[PDB]
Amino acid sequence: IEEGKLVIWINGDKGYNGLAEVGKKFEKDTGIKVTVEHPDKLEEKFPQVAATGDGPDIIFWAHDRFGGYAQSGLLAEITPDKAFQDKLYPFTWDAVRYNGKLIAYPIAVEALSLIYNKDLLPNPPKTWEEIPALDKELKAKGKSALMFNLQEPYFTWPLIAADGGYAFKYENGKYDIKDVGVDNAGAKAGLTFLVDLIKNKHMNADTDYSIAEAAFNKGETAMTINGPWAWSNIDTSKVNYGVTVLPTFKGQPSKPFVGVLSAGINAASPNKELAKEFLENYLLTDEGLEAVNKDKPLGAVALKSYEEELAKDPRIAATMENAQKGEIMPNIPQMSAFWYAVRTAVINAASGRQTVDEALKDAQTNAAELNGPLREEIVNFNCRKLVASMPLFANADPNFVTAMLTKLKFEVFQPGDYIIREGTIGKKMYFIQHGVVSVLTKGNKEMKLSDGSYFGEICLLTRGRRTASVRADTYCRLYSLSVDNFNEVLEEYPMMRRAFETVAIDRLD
């Protein structure tokens, strides 16, 4: 971030080129440059980087992650006046409330639908249960019935929820965080049906977003499950598609988790006023949303004036029908733990790492018990110890140490793994969070290092070989810090760079 410009983050499946057009209009009027970026794992990156001088001015995501960001102090309260508020649907404003405060601008309402190829399947099935029979019929003609993203639990959730699965029980206007529904009869039946699809070769566990998109848009599968954003690429592929009600499971509708694409203002931004002006006066207008919608459809927009037009589209009416059979996602801080829990369970069940019963038992405990803030805190202090213990960093500015912590990468090694091999060239030093290693120098004396220690640091000043091998003696958990990332932070703190250069200037004598 820098004062006088806007950096916006939005997910790579959304209309980021269209948003950049809105930004080009903004720059033309104010001289303020707008850069739109779509980094991978943006929703996880944002809370890591936002405090530490990095991060976008504006973050776009579904509202479910914003309670967490709000809890962490990473979002500015927004202050639209009543007239502006009246422009958007009251339920969209509700979705972005935390402690009664508005913490983001709602943009669009998202739900998943069944997308079907009308040439391959003129009458799409009404039930999940008839998909195996349909796939066998299609397999004989070199096709498949259904492919969709099995790596993201968002896509499998409607099935899980259909017969009674739920995230957190809603009662008397509030979520009971101790009452998780991911291990109940309904959730187990849903995921069992999905795993049986996999086991009987009607779907593949490795299927991700790209695979399913490419299969449906090339005409290889009769159906997919996706949201409005995906419709552009299907239009471009020329497939004759319909958008309809998701299939029923055990006679019960699929229950997609409804998301409200929302735009938050990073509390670290020096551009909060410019961010408000862009969001209120440029993006949230008929012209602004249209530019984004034209690139990748937004869904049912929060802006009433524009939604009046979009609601005439039967694809948007199918989206809202699915949405009404679903549930608005909670925005509570525990949602991150929930998603992490269900993601691992679905991946483990589908692959056969665990049974459905085992995977979901562990998901229940993870979603209910896991304390993100507490675990984050413990992880951050321990990393801070490791980095600040090293002689080089022993008297450095605490913010320098803090920026450096964000660069650390988690690595694991098995007994007998060489972390560093003598004669090779590395670009990383290592800190030992947990484990024992041997430092071996050809023939010689071993030296054993353990929890708290470090090694490989000479790559910070060498551009040269590894002069010793380092072998894991037990299971090791390490953090690595690369010379590039070290330099990058060292450039952000010029007083430290000068100190370290004067050190190196004397190390030549």
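In case it trips you up, residue 1 is the first one in the sequence shown, and so on.
The stretch with the higher mean CA B factor, choosing between 15-23 and 494-502, is 494-502.
In this entry, 268-276 has the higher mean Cα B-factor, the comparison being between 103-111 and 268-276. Of the candidates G464, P39, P56, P47, the deposited coordinates give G464 the top C-alpha B factor. In this entry, the residue among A359, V260, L386, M335 with the greatest C-alpha B factor is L386. Annotation for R65: C-alpha temperature factor in the lowest third relative to the rest of the modelled chain, per the entry. Ranked against the other modelled residues of its chain, the C-alpha B-factor of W339 as given in the entry falls in the lowest third.
Looking at the C-alpha B-factors along this chain, the one for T92 belongs to the lowest third. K312: CA B factor lies in the middle third for its chain, per the PDB record.
For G416, the recorded CA B-factor ranks within the middle third of the chain. Only modelled residues enter the ranking.
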